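Before any questions on binding or motion, here is one chain by itself as structure tokens, the form deposited in one PDB entry.
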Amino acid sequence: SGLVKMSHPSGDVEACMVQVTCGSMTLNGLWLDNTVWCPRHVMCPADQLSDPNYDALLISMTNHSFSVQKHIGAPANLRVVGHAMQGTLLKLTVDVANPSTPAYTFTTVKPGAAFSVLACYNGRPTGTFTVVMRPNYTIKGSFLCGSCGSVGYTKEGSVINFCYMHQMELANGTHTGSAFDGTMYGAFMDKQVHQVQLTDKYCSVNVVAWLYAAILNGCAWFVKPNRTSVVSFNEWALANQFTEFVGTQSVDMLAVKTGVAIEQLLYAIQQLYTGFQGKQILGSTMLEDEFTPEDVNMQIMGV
């Protein structure tokens, strides 16, 4: 019993972290097979950060411009024998294939989905945490200067699904990055220029999942006979900064185990949004939306 913010074991990903240097700029890279992935802003000098031209910067670079070092495990200097740009990322080719490359895929995450982040500094892993891709395509992490190139991922069976590479900080506690196809989540620019993020929203299906977790742990004071249909809730959601509720088999499993219908929890959300009234739910005083239905199913049952 109990519900905590849980991350995937980070061992397989730690073995892929490397340091990438270009001029006087240093950040983290991901070493898979003979390829090192890193943010392309490593090529940008301080005096050009106010308005950079990445196509011009790439042309000016040679294999000599990049230095790749592995610090963890058996340390090694990797020879860069090729360089290329894919969207907002650099794809460096090195002469040694990573002997600890896990079985992996590249996947893009959708808003409301959770993933683990391995935070790194100078190619060294320092911490791990779980985040949810926000409806405004940002993440609320903990990243300081030098954390760029830190990676986000999930684990499915024995396969690591790499979904995020840390790029920038937009505002206090608000971060964004790219998918491994080179596209930045939310189409933000990888430049130190003015850019406003859209309004964030509460992830409705995650709040329902968290309320089911509370019921399964003996906390059900907020459950009443009252119900709100998913059609009525979704119209209400549009005007109250909540995402559209879309049901799934994982949510249905939680409804059948507890005997509490989804519609009863949509009504509870509308009431709890106007105040918890000094009461707690799982040690929280405001709605929690960073626990997915799959997360609750895993932490509460074998499912």
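We number the residues from 1 along the sequence you see. Take the two forms, find the largest set of C-alpha atoms that superpose within 1.5 Å, and that set is the rigid core.
From this point on, the text means the form deposited in another entry, which you will not see here.
- Checking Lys140, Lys191, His83, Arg227 for C-alpha shifts of 2 Å or more between this form and the one not shown, after the rigid core is superposed, gives a single hit: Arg227.
- With the core superposed, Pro99 shows a C-alpha displacement below 2 Å between this form and the one not shown.
- Annotation: Cα of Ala15 displaced by less than 2 Å between this form and the one not shown, core superposition.
- In this overlay on the rigid core, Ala171 has a C-alpha that sits 2 Å or more away from its partner position between this form and the one not shown.
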